[PDB]
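Asks:
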Amino acid sequence: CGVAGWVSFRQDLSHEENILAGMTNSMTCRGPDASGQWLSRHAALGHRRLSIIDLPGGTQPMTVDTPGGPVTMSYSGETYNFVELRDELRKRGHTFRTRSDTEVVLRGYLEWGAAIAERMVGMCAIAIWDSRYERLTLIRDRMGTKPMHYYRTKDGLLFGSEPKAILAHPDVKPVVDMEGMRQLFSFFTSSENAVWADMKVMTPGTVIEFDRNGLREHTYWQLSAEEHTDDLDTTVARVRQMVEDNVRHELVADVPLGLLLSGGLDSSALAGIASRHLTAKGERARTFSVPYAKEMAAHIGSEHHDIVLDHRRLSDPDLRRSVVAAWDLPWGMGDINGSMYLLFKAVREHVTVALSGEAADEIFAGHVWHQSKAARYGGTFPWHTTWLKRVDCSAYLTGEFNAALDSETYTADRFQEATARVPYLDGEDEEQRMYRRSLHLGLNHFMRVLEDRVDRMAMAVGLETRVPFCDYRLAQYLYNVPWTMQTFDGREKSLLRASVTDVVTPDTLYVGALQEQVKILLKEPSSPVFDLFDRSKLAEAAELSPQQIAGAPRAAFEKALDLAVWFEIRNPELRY
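Numbered according to the UniProt record's numbering, the sequence shown spans residues 2 to 291, 312 to 527, 542 to 611.
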């Protein structure tokens, strides 16, 4: 789905439908099935809907009339405990016209107010306007699976799932300050700064309230340091129980549902557990791959689909336009962005919902920067120590801009704020502390960028991606487990493999295209790309054999071509 809207205590928003439409319909991709509008004096809520649970009933924005006036909500996500919560609400005297999770969350707010955030389990980006208190409430899920942005106005607020929703407003100029560019040229780090000037990204597991008094933010959930009493056997048993419970609950939908099988222990674990639970409705599992993947398909007995991608398809400039348009920003990761776009586009032809194992590596300490001592004991983000050295395109920036970025100082400042946030138990040894820090930074910086990537790309083609591993309970639990247990097999995700032992059974041409597309760009030296990137160094890099180009220059090309596209479609005003 795609949530947008506008609050003001200065202007009458009763008849500003055309503006609200401009914000909402910009995310038509997110929800192609339907669109809705609810307008009032102080609040205007829009919604783009991808119908998953209850097609005719789950119409948004949904409104519940109260003695004090209407309570309208715009909701983008999936509450997996909407049956349990509806039973709890029925006992408290609530009557339900729909069989949608949407109504449960809205009547949930009627019961518990903002505290509904603490009772929901799954992914969500919610916008509630309460006419009783003339107060907006914005709720984002605990891990940050569903996005929400906001933009302060004079005695008012603009919000949307994607920046394009806010940018579509005529009182918002597309401005990017130096703090914006620093986050844009940042490498897999979370920030409130949404690159766009004065536009912010909602912190996962927070509720933003907005009324006449101003804007308020409350953290209803964050990772806590707690004593782990369970032994290895019980810890392995509990992980299975949680992963299984999550998979079972997230298979629930009124539309065709699929699985993303990459062959890795993560995807194969979700596929095997899902296959067993889908069999419980005679439902033949539908897997999708972009070696071990095809093997697991025959094991589950699934309707497998091998999506083949040629360098030509990954290099297509039209793809990079679609990718940058979805992201709203030039991240320069065309390879790993275009791949999952074409992957999700192929998946959408068959199924409307898909399960992914994306958060697994971040919760089960899977990545090499979780394992390497050098990375865990470094004075910067672990993934900077392992990769940045190669990917760093800072050599290929104009010295004037490179010196203005000060990426080393930014990265250092952001890392200090990030390590400060890490909760430790008292009397813990260095190994246990450096493990927590590793896992915290992974879940609150790296995993957030992947979640938003998986979301933006999937929602650009109208596909609902679900993430069983990306759960707060499973994250909370594994955070408190000692390092000893996480690598008890002397390998990554040992607790994952030990829990899923029964179900699981053991280009150069692309770069040539990037260089050709960069040579096309170099032909027009007026391009604002060359205010950021050195024209001379790109030409030099473009002139090389594709085999010679590797790492920093490849990253420079993907960044420059994204920037080229970005400057044409959004037309920003760089304050540089």
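Just so it is clear, CB atoms sit at the ideal spot from N, CA and C, and this is done for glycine as well.
Closer than 8 Å by C-beta to residue 1: which residues in its own chain qualify, once you throw out the five before and the five after it? Chain order, please.
Replies: Residue numbering for the chain in the displayed model covers 2 to 611; residue 1 lies beyond these limits and cannot be assessed.
Asks: When you compare each of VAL482, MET63, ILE555 to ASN358 by their alpha carbons, which one comes out closest?
Replies: Sequence index remark: in the sequence shown, residue 358 carries index 337 (1-based). For the residues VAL482, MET63, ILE555, the minimum Cα distance to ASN358 belongs to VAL482.
Asks: Could you name the residues of the same chain whose beta carbon sits closer than 8 Å to that of residue 303, not counting the 5 residues immediately before and after it, in chain order?
Replies: Because the chain is numbered 291 and then 312 with no intervening positions, residue 303 cannot be located in this model.
Asks: When you compare the region 575-590 with the region 336-350, are there three or more beta-carbon pairs, one atom per stretch, that lie closer than 8 Å?
Replies: The region 575-590 is not in contact with the region 336-350.
Asks: Which residue from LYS92, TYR493, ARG474 puts its Cα closest to that of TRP222?
Replies: Numbered from 1 along the sequence shown, position 221 holds the residue referred to as residue 222. It is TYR493.
Asks: Counting only the same chain and skipping the five closest in sequence on each side, list residues whose C-beta sits under 7 Å from that of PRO581.
Replies: In the sequence shown, residue 581 corresponds to position 546, counting from 1. Only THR543, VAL546, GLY547, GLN550 meet the Cβ criterion.
Asks: As a quick exercise: from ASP66, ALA44, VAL105, pick the residue whose alpha carbon is nearest that of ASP55.
Replies: The residue you call residue 55 lines up with position 54 of the sequence shown. When each option's Cα is compared against that of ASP55, the closest is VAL105.
Asks: In terms of DSSP beta bridges, what is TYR76 paired with?
Replies: Translated into positions along the sequence shown, residue 76 becomes position 75. Answer is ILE127, bridged to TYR76.
Asks: Here's the rule I'm using: 16 or more other beta-carbon atoms within 10 Å means buried, otherwise exposed. How should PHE385 be labelled?
Replies: As a position in the sequence shown, residue 385 is number 364, starting the count at 1. Buried, by the Cβ-count rule.
Asks: Based on Cα-Cα distance, which residue from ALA281, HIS150, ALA347 lies nearest to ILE209?
Replies: Here residue 209 corresponds to residue number 208 of the sequence shown, with the count starting at 1. With distances taken between Cα atoms, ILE209 lies closest to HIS150.
Asks: Considering only the beta carbon of each residue, do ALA590 and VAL412 sit closer than 8 Å?
Replies: Working through the sequence shown from its first residue, we reach residue 590 at position 555. Working through the sequence shown from its first residue, we reach residue 412 at position 391. Contact: yes.
Asks: Do you know how far the Cα of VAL196 is from the Cα of residue 529?
Replies: Shown without residue 529, the model has the chain running from 527 straight on to 542.
Asks: Could you spell out where the alpha helix (DSSP H) holding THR430 opens and where it closes?
Replies: Here the question's residue 430 lines up with position 409 in the sequence shown. It spans 428-441 - the alpha helix (DSSP H) in which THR430 sits, taken as one unbroken run.
Asks: Would you tell me roughly how many angstroms separate the C-alpha atoms of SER187 and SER428, rounded to the nearest one?
Replies: Stepping through the sequence shown from its first residue, residue 187 is reached at position 186. Stepping through the sequence shown from its first residue, residue 428 is reached at position 407. Computed Cα separation, rounded: 7 Å.
Asks: Where does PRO205 land, buried or exposed, given buried means 16+ other C-beta within 10 angstroms?
Replies: Walking along the sequence shown from the start, residue 205 turns up at place 204. By the neighbour-count rule (16 or more Cβ atoms within 10 Å), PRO205 is buried.
Asks: Could you tell me how far apart the beta carbons of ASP131 and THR154 are, in whole angstroms, since I believe they sit closer than 8 Å?
Replies: In the sequence shown, the residue the question calls residue 131 occupies position 130. In the sequence shown, the residue the question calls residue 154 occupies position 153. Wrong, their Cβ atoms sit about 20 Å apart, outside the cutoff.
Asks: How would you label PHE97, buried or exposed, when you count the other beta carbons within 10 angstroms and need 16 or more for buried?
Replies: The residue given as residue 97 occupies position 96 in the sequence shown. When all chains shown are included, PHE97 counts as exposed.
Asks: Apart from the five residues just before and just after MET200, which ones in its own chain have a Cβ nearer than 7 Å to its Cβ?
Replies: For this step, residue 200 is matched to residue 199 along the sequence shown. Correct list, in chain order: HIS150, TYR152, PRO164, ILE167.
Asks: Grab me the residues of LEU21's own chain with a C-beta within less than 6 Å of its C-beta, minus the 5 sequence neighbours each way, in chain order.
Replies: On the sequence shown, residue 21 is found 20 positions in, with the first residue counted as 1. Hits under 6 Å: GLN38, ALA45, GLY47.
Asks: Check whether the region 458-475 and the region 434-445 touch, using three or more Cβ-Cβ pairs below 8 Å as the test.
Replies: Result yes; three or more Cβ-Cβ pairs closer than 8 Å.
Asks: Counting C-beta neighbours from all protein chains within 10 Å, is the total for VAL524 16 or more, i.e. buried, or is it exposed?
Replies: Position 503 of the sequence shown holds residue 524. The residue in question, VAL524, is buried, as its Cβ has 16 or more Cβ neighbours within 10 Å.
Asks: Counting only the same chain and skipping the five closest in sequence on each side, list residues whose C-beta sits under 7 Å from that of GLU227.
Replies: By 1-based counting over the sequence shown, the position of residue 227 is 226. These residues qualify, in order along the chain: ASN501.
Asks: Where DSSP assigns a beta bridge to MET63, which residues make up the other side?
Replies: Counting from one through the sequence shown, the residue named residue 63 turns up at place 62. BP columns for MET63 point to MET74.
Asks: Alpha carbon to alpha carbon, how far is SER268 from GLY114?
Replies: Sequence index remark: in the sequence shown, residue 268 carries index 267 (1-based). Sequence index remark: in the sequence shown, residue 114 carries index 113 (1-based). About 37 Å.
Asks: Return the bridge partner residues of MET200 from the DSSP annotation.
Replies: Indexing the sequence shown from 1 puts residue 200 at position 199. BP columns for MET200 point to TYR152.
Asks: By the three-class DSSP mapping on this structure, what secondary structure does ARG518 have?
Replies: Here the question's residue 518 lines up with position 497 in the sequence shown. Here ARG518 sits in helix by DSSP.
Asks: So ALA126 and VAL4 are in contact, right, with Cβ under 8 Å, and what is the actual spacing, rounded?
Replies: Residue mapping note: residue 126 aligns to position 125 of the sequence shown, counting from 1. Residue mapping note: residue 4 aligns to position 3 of the sequence shown, counting from 1. Contact holds; Cβ gap of about 6 Å.
Asks: Return yes when at least one heavy atom of the ligand NAP lies under 7 Å from the C-beta of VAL345, else no.
Replies: By its list of ligands, the structure shown contains no ligand whatsoever, and the ligand NAP lies outside what it can speak to.
Asks: Quick one: using the 10 Å Cβ neighbour count with 16 as the cut-off for buried, is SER263 buried or exposed?
Replies: Here residue 263 corresponds to residue number 262 of the sequence shown, with the count starting at 1. So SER263 ends up on the buried side.
Asks: Going straight from the alpha carbon of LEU484 to that of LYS366, what length do you get?
Replies: Position 463 of the sequence shown, counting from 1, holds the residue named residue 484. Position 345 of the sequence shown, counting from 1, holds the residue named residue 366. Going from the Cα of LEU484 to the Cα of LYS366 covers about 8 Å.
Asks: Less than 8 Å separating the beta-carbons of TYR81 and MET243?
Replies: Here residue 81 is taken as the residue at index 80 of the sequence shown, counted from 1. Here residue 243 is taken as the residue at index 242 of the sequence shown, counted from 1. Cβ distance not < 8 Å, so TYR81 and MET243 don't count as in contact.
Asks: For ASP566, collect the residues of the same chain with a Cβ closer than 8 Å to its Cβ; drop the 5 residues on either side in sequence, then sort them by chain order.
Replies: Walking along the sequence shown from the start, residue 566 turns up at place 531. Around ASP566: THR419, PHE422, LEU609, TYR611.
Asks: What are the boundary residues of the beta strand (DSSP E) that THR220 is part of?
Replies: If you number the sequence shown from 1, residue 220 lands on position 219. That run of the beta strand (DSSP E) goes 216-220.
Asks: Please identify the residue among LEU556, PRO563, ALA519 whose C-alpha is closest to the C-alpha of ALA238.
Replies: Along the sequence shown, read from residue 1 onward, the residue named residue 238 stands at position 237. The shortest C-alpha separation from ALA238 is found at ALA519.
Asks: Among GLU513, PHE602, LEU516, which one has its Cα closest to the Cα of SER562?
Replies: As a first step, residue 562 is located in the sequence shown; it is residue number 527 there, counting from the start. Of the candidates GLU513, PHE602, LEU516, the one whose C-alpha sits nearest the C-alpha of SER562 is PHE602.
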